[PDB]
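Data first, discussion second: the structure below is written as structure tokens.
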Amino acid sequence: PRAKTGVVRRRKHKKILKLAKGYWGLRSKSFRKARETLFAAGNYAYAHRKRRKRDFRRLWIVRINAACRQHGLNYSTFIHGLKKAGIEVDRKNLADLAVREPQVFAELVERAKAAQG
Amino acid sequence: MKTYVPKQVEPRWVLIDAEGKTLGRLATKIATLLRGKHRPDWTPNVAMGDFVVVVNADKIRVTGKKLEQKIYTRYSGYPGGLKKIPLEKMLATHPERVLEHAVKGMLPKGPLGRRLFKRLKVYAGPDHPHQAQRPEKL
Amino acid sequence: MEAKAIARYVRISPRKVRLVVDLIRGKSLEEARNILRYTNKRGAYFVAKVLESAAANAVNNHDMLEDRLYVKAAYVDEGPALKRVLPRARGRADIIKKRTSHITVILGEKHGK
Amino acid sequence: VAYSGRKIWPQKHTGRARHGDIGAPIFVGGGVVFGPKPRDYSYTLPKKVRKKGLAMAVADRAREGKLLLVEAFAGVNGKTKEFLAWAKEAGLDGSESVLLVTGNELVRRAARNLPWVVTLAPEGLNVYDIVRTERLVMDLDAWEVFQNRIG
Amino acid sequence: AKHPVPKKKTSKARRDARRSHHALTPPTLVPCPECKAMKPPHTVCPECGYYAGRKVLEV
Amino acid sequence: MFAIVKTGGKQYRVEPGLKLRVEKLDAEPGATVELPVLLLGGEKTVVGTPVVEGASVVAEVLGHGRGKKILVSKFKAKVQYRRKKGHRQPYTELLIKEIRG
RNA sequence: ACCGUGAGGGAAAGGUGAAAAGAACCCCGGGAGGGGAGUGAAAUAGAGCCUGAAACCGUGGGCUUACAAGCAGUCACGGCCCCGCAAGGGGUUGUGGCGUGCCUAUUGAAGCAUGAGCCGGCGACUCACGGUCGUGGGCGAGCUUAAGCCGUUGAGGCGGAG
RNA sequence: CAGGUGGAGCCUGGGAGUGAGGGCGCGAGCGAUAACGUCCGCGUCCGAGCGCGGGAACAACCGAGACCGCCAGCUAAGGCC
RNA sequence: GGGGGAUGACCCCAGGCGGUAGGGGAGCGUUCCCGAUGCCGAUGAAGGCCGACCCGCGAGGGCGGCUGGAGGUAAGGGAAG
Ligand SMILES: [Mg+2]
Ligand SMILES: [Mg+2]
Ligand SMILES: [Mg+2]
Ligand SMILES: [Mg+2]
Ligand SMILES: [Mg+2]
Ligand SMILES: [Mg+2]
Ligand SMILES: [Mg+2]
Ligand SMILES: [Mg+2]
Ligand SMILES: [Mg+2]
Ligand SMILES: [Mg+2]
Ligand SMILES: [Mg+2]
Ligand SMILES: [Mg+2]
Ligand SMILES: [Mg+2]
Ligand SMILES: [Mg+2]
Ligand SMILES: [Mg+2]
Ligand SMILES: [Mg+2]
Ligand SMILES: [Mg+2]
Ligand SMILES: [Mg+2]
Ligand SMILES: [Mg+2]
Ligand SMILES: [Mg+2]
Ligand SMILES: [Mg+2]
Ligand SMILES: [Mg+2]
Ligand SMILES: [Mg+2]
Ligand SMILES: [Mg+2]
Ligand SMILES: [Mg+2]
Ligand SMILES: [Mg+2]
Ligand SMILES: [Mg+2]
Ligand SMILES: [Mg+2]
Ligand SMILES: [Mg+2]
Ligand SMILES: [Mg+2]
Ligand SMILES: [Mg+2]
Ligand SMILES: [Mg+2]
Ligand SMILES: [Mg+2]
Ligand SMILES: [Mg+2]
Ligand SMILES: [Mg+2]
Ligand SMILES: [Mg+2]
Ligand SMILES: [Mg+2]
Ligand SMILES: [Mg+2]
Ligand SMILES: [Mg+2]
Ligand SMILES: [Mg+2]
Ligand SMILES: [Mg+2]
Ligand SMILES: [Mg+2]
Ligand SMILES: [Mg+2]
Ligand SMILES: [Mg+2]
Ligand SMILES: [Mg+2]
Ligand SMILES: [Mg+2]
Ligand SMILES: [Mg+2]
Ligand SMILES: [Mg+2]
Ligand SMILES: [Mg+2]
Ligand SMILES: [Mg+2]
Ligand SMILES: [Mg+2]
Ligand SMILES: [Mg+2]
Ligand SMILES: [Mg+2]
Ligand SMILES: [Mg+2]
Ligand SMILES: [Mg+2]
Ligand SMILES: [Mg+2]
Ligand SMILES: [Mg+2]
Ligand SMILES: [Mg+2]
Ligand SMILES: [Mg+2]
Ligand SMILES: [Mg+2]
Ligand SMILES: [Mg+2]
Ligand SMILES: [Mg+2]
Ligand SMILES: [Mg+2]
């Protein structure tokens, strides 16, 4: 018996071009450039996942350091205060705390300013 | 819990004297303000910044021999179209522009960096346009 | 209620004819008729014929009232290409495609309350 | 394949790719690579494996109570109407496929046309046929030669 | 001379932007001084062209 | 009157009547988990230490789950190396009831 | 057919419908074509006729774009449009972060090194007989038949030369 | 002789691929106490880690061996106008 | 790998899991055969076009809608153009 390609290759191609929807020019319309583009989207996604984690923290940090410079200090010291002060409850995620709950932040500043000296 | 992000904010203004302030050291902050990395809601992709007005910019002062030795260069497009302009010459011809330059180079690059630079309004000597609030900052 | 005509296998190149079609899209039949006469292109002739057969089609078949109809949609699609051998220097022999238009005029009635 | 052996084009300087005859498999219309030729799928099973296998497959029908021996029928004089009668009387309604093994030409041609019967001379007892059919039925003539085959 | 050749097939984007000037202008027409029909100006009409001089007679 | 609570190596600001998705934990649905772990009161001056003791927040497991599939792919040019794996990350949902001082 | 002086080379090209019932007649038109009408279960089965993919061309709609610059994606936020009681999702892209095509060949390629205009379909580790290991079973001081003979709804048996 | 249970070691067999290497450190020869030079030695990395961080960018220098996910934490190198 | 003594597909606990040449292992899918004088099918086969839905790590499999108009062919096994 002979098994000719038939339906298989059209399917496999369709799958991928579907994934490529929205991509520019041929990259959406040609199975090859679709596939090539996708390799690239695949590794960026993975890589950018790990880095979304970085991208966010570095935002939180600027935001803290911003808010507590109103209260006259470094992010640098602030964290150290909070380290000594036992307040290792983090944050840096919360940081809406600095924005949405200013006083609760301020209290947190003062618990921080007074630690180990 | 998503991270908070500003809704449309009020464009606060700010006034600066610059007379006797150094240059890049004055520039550093003018940048920070422009970005608004002093505001706790700071967002990278938006630019809720302060507008900055700077006066007495003929009067920035700088250290070392820079007034003579420091050169600004301008390449036109053309053969031998690189222009070389000393600090003293600049200040004497267009005072400021040196602060505008120092700040611009300190703002980020791309569509948004170029916008923030519009928000820094620099004048020579005293006064300026009196429209907004412009709390004096030192 | 809309009325349409389609010329099929018109031996003309779609790009060429499409050009004068865009010249009458959305136009009232009175100007559309007027434009094709004094538009100087070979595709003016053919489009006019389709346009007209679609006007005739409106009045007789669809009871649409000749004074109120404009061009609603009009478009040329591209039918099959006539391929001819064009002999070339150093014995080379390319092939030119004598291409083919499918012309479409669709008519509808200007609201005309 | 039909075509010539001629080299289709010079092989340098035409600017085209590079070729031999058009019978080459890379060509639409050319030879096939490694596809099928006539060949003989038969092999030789060990004979003891066929004995064992024959024996076991009967055994497996016996172990199920599905095996029946019969004497003499009387649904002979081959007519499927006649058989279909005796069948009923013997407890075969054709709710289960039946492998009928007997040397009687007449009973065989009787059952033959039933959709639920397959039919065999005894010297032709094979395991495939046993396993396909839900119930085995033999006459005693058949069971003899079946027993004389194994061992 | 050697043989300049295009280095890259041009994108549908690019040819279609080439053609951004290709669109036609409708012919400029004015109503006929006598007759009902439309005529491009400064031209004797296809029906009964003018007055003082002798038009091509559709009359 | 919020809290700041610690479940599954992360922290979240919860309020009463908050439906919160959280890393999966061992519970049957409908059961109640007091996560004895609480890091802040929304009252300001009560804050501190790793965890304020005696405090806790009560939310009950609304049922578990699996998140929308993430396709994590790896490609290495010129070495003929490609890997595809789908990943669905199991969670549990909670509704936040009582903030207990 | 065609190509070659000749020997010789040597293709493409199948499918309406159950039935032609193969669209009378009217309309536009020089015809071609189409609109009605009619046939049909169906006419985007209408003869350039089963299905009718993809590249390709086009009309309409939504989002978007004329001070930004780039392997075209990706992660985040925001806007506008759609679906949904809701929460939620689909679309699109403004700004921000990140980002050196695929394959091949190489010590080393985004590479200014090879190949590829794009899409469809064709395309490359086989089979015979020996061998050598492993493995699943049969029988074990034994194991096993070849040709051939008999016999067969695709029935198996015998045959001991070797 | 002892510790060392390791994707350790030894024996028999089946299947390979490789036999163009490169940089860097150290030790020599050749070279000019030239070469991104050449040839050996011992080591390492690239090769196959052109995956991540640092070094502006950069196979092989510093950091470090990427199973998947997280809008959590601590660090390495290098950094903190 | 160790336990749990269900003899696994199942639950604990501890580890390992960058990779080219290459070795090993398990799966998916296409054509054909037995299963089939069967079963699915015009209340619609195969094929086509959508899908933000379900199952699978993945190759894939489902399901729903549209098109299509006469075929398709489980479980379990066999063979390959
Ligand atoms: Mg094939
Ligand atoms: Mg990290
Ligand atoms: Mg801390
Ligand atoms: Mg010529
Ligand atoms: Mg000639
Ligand atoms: Mg020859
Ligand atoms: Mg060429
Ligand atoms: Mg052939
Ligand atoms: Mg010349
Ligand atoms: Mg020239
Ligand atoms: Mg790369
Ligand atoms: Mg390589
Ligand atoms: Mg001849
Ligand atoms: Mg009818
Ligand atoms: Mg019709
Ligand atoms: Mg159809
Ligand atoms: Mg049809
Ligand atoms: Mg048919
Ligand atoms: Mg058709
Ligand atoms: Mg459009
Ligand atoms: Mg500009
Ligand atoms: Mg703009
Ligand atoms: Mg450009
Ligand atoms: Mg971007
Ligand atoms: Mg390949
Ligand atoms: Mg080479
Ligand atoms: Mg080479
Ligand atoms: Mg080389
Ligand atoms: Mg290039
Ligand atoms: Mg070259
Ligand atoms: Mg190239
Ligand atoms: Mg070469
Ligand atoms: Mg190649
Ligand atoms: Mg192809
Ligand atoms: Mg063999
Ligand atoms: Mg063998
Ligand atoms: Mg063997
Ligand atoms: Mg015979
Ligand atoms: Mg020892
Ligand atoms: Mg080893
Ligand atoms: Mg070995
Ligand atoms: Mg060698
Ligand atoms: Mg080496
Ligand atoms: Mg060497
Ligand atoms: Mg040293
Ligand atoms: Mg060297
Ligand atoms: Mg050297
Ligand atoms: Mg070395
Ligand atoms: Mg190599
Ligand atoms: Mg590296
Ligand atoms: Mg290594
Ligand atoms: Mg590189
Ligand atoms: Mg770097
Ligand atoms: Mg590892
Ligand atoms: Mg350090
Ligand atoms: Mg593990
Ligand atoms: Mg591995
Ligand atoms: Mg077939
Ligand atoms: Mg019917
Ligand atoms: Mg089939
Ligand atoms: Mg279907
Ligand atoms: Mg089947
Ligand atoms: Mg093949």
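The way I read the labels, and the way they are meant: chains A, B, ... in the order of the structure tokens, residue 1 as the first residue of every chain, and ligand 1 as the first ligand shown, with later ones counted on from there.
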At most 9 Å to chain H: residues in chain B, only C-alpha atoms (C1' of nucleotides), as number ranges by chain: B: 1-3, 24-25, 28
Residue selection dump (N, CA, C and O atoms) as a short mmCIF file (atom, residue, chain, number, x, y, z; two decimals), in the first residue's frame:
data_model
loop_
_atom_site.label_atom_id
_atom_site.label_comp_id
_atom_site.auth_asym_id
_atom_site.auth_seq_id
_atom_site.Cartn_x
_atom_site.Cartn_y
_atom_site.Cartn_z
N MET B 1 -3.85 40.83 42.29
CA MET B 1 -3.37 42.17 42.61
C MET B 1 -2.40 42.67 41.52
O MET B 1 -1.21 42.33 41.53
N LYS B 2 -2.92 43.47 40.59
CA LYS B 2 -2.06 44.16 39.64
C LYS B 2 -1.38 45.36 40.31
O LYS B 2 -1.88 45.90 41.30
N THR B 3 -0.25 45.80 39.77
CA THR B 3 0.39 47.01 40.25
C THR B 3 -0.44 48.23 39.87
O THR B 3 -0.95 48.31 38.75
N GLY B 24 25.75 69.88 35.09
CA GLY B 24 25.31 68.52 34.97
C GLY B 24 24.70 68.15 36.29
O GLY B 24 23.81 67.30 36.38
N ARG B 25 25.17 68.81 37.35
CA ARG B 25 24.61 68.55 38.64
C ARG B 25 23.23 69.18 38.70
O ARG B 25 22.30 68.56 39.18
N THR B 28 21.03 66.72 36.30
CA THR B 28 20.59 65.47 36.90
C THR B 28 19.16 65.48 37.43
O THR B 28 18.34 64.59 37.14
#
Near-ligand residues for ligand 57, threshold 9 Å, only C-alpha atoms (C1' of nucleotides) and all ligand atoms, as a list in words: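 Residues satisfying the distance criterion: residues 17, 18 and 19 of chain I.
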DSSP-assigned strand (DSSP E or B) among range 106-147 of chain D, expressed as a PyMOL selection string: chain D and resi 117-120+135-139
Nearby residues, ligand 43, 10 Å, only C-alpha atoms (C1' of nucleotides) and all ligand atoms, as a list in words: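 I would give the residues around ligand 43 as residues 21, 22, 44, 45 and 47 of chain H.
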Take the residues that were just selected and, keeping N, CA and C atoms (P, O5', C5', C4', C3', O3' and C1' of nucleotides), output them as a PDB file, in the first residue's frame.
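Contents of the output file selection.pdb:
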ATOM      1  P     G H  21      43.066  19.279  13.024  1.00  0.00           P
ATOM      2  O5'   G H  21      43.068  20.358  14.164  1.00  0.00           O
ATOM      3  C5'   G H  21      42.138  20.295  15.196  1.00  0.00           C
ATOM      4  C4'   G H  21      41.260  21.478  15.108  1.00  0.00           C
ATOM      5  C3'   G H  21      41.700  22.736  15.835  1.00  0.00           C
ATOM      6  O3'   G H  21      42.665  23.486  15.119  1.00  0.00           O
ATOM      7  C1'   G H  21      39.439  22.280  16.306  1.00  0.00           C
ATOM      8  P     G H  22      43.520  24.658  15.821  1.00  0.00           P
ATOM      9  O5'   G H  22      42.452  25.584  16.505  1.00  0.00           O
ATOM     10  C5'   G H  22      42.087  26.753  15.844  1.00  0.00           C
ATOM     11  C4'   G H  22      41.094  27.535  16.634  1.00  0.00           C
ATOM     12  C3'   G H  22      41.643  28.262  17.827  1.00  0.00           C
ATOM     13  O3'   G H  22      42.314  29.421  17.408  1.00  0.00           O
ATOM     14  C1'   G H  22      39.658  27.213  18.431  1.00  0.00           C
ATOM     15  P     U H  44      40.708  20.857  32.999  1.00  0.00           P
ATOM     16  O5'   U H  44      39.901  22.115  32.474  1.00  0.00           O
ATOM     17  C5'   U H  44      39.486  23.066  33.435  1.00  0.00           C
ATOM     18  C4'   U H  44      39.428  24.461  32.872  1.00  0.00           C
ATOM     19  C3'   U H  44      38.342  24.727  31.839  1.00  0.00           C
ATOM     20  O3'   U H  44      37.096  24.987  32.448  1.00  0.00           O
ATOM     21  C1'   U H  44      40.382  25.616  31.087  1.00  0.00           C
ATOM     22  P     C H  45      35.845  24.052  32.126  1.00  0.00           P
ATOM     23  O5'   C H  45      35.163  24.822  30.905  1.00  0.00           O
ATOM     24  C5'   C H  45      34.507  26.060  31.160  1.00  0.00           C
ATOM     25  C4'   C H  45      34.743  27.081  30.071  1.00  0.00           C
ATOM     26  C3'   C H  45      34.020  26.892  28.747  1.00  0.00           C
ATOM     27  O3'   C H  45      32.686  27.334  28.794  1.00  0.00           O
ATOM     28  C1'   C H  45      36.266  27.430  28.336  1.00  0.00           C
ATOM     29  P     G H  47      29.197  26.658  22.493  1.00  0.00           P
ATOM     30  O5'   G H  47      29.970  25.733  21.447  1.00  0.00           O
ATOM     31  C5'   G H  47      30.224  26.169  20.126  1.00  0.00           C
ATOM     32  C4'   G H  47      31.274  25.315  19.472  1.00  0.00           C
ATOM     33  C3'   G H  47      30.822  23.915  19.112  1.00  0.00           C
ATOM     34  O3'   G H  47      30.189  23.898  17.856  1.00  0.00           O
ATOM     35  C1'   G H  47      32.913  23.826  20.226  1.00  0.00           C
TER      36        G H  47
END
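Contact shell of range 21-31 of chain D at 6 Å (only C-alpha atoms (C1' of nucleotides); same-chain neighbours under 4 positions omitted): residues 1, 5, 6, 7 and 8 of chain D; 122 and 123 of chain G.
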Site check for ligand 12: residues at most 9 Å away, only C-alpha atoms (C1' of nucleotides) and all ligand atoms, as JSON, numbers by chain: {"F": [77, 78, 79], "G": [106, 108, 109], "H": [47, 48, 50], "I": [20]}
